[PDB]
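See below for the structure under consideration.
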Ligand SMILES: Nc1nc2c(ncn2[C@@H]2O[C@H](CO)[C@@H](O)[C@H]2OP(=O)(O)O)c(=O)[nH]1
Ligand SMILES: [Ca+2]
């Protein structure tokens, strides 16, 4: 069964921790990757009720199970905070425009 389901994409806990670790390292190093400069701040415009404190950052999680290294980041993101705590897994799939919904 999937720990998070983002549309048709199925992720386990280990998928999320792996993506999160890569993103947090770049954030700590003050480095970014990709044309959209990930990781970057996640403003929470959607008003998600995350159980950890802001500020939050987002980083792509990819269904191929590879770590994001540039190119298209697809629809799915992990959202982590300054303490490297996971806030949530969110996706553009199933939401209008460039909005997000949470993966379930
Ligand atoms: N919808 C949304 N986009 C955000 C937020 N914070 C930053 N962004 C970035 O702003 C772009 C314009 O909304 C979004 O598509 C998203 O980039 P990503 O595609 O990199 O996730 C947020 O809280 N909500
Ligand atoms: Ca996997």
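Cβ placement follows ideal geometry from the backbone for every residue including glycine, while neighbour counts extend to all protein chains displayed. Every number in this text was worked out from the coordinates using simple rules, so none of it is lab data.
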From the residues in the stretch 46-61 that are within 12 Å of residue 100 (Cα to Cα) and touching a residue at least 40 places away in the same chain (Cβ under 8 Å), which one is nearest to ligand 2 (Cβ to nearest atom)?
-> 48
Residues of the stretch 8-17 classified as more than 9 Å from ligand 2 (Cβ to nearest atom) and either closer than 15 Å to residue 80 by Cα or surrounded by 17 or more Cβ atoms within 10 Å (Cβ to Cβ) (or both), total | 4
Could you check the stretch 1-91 for strands (runs of 3 or more DSSP E) lying wholly inside it with 1 or more residues that are away from ligand 1 (no atom under 13 Å from the Cβ)?
-> 4-6, 9-11, 76-81, 86-91
Could you grab the pairs with beta carbons closer than 8 Å, sequence gap of 6+ or different chains, first residue in the stretch 23-34 and on the phi < 0 side of the Ramachandran plot, second one in a helix (DSSP H, G or I)?
-> 32/26; 33/26
Can you find a residue in the stretch 67-78 that is without any contact (Cβ under 8 Å) to a residue 60 or more places away in the chain, within 13 Å of ligand 2 (Cβ to nearest atom) and surrounded by 13 or more Cβ atoms within 10 Å (Cβ to Cβ)?
-> yes
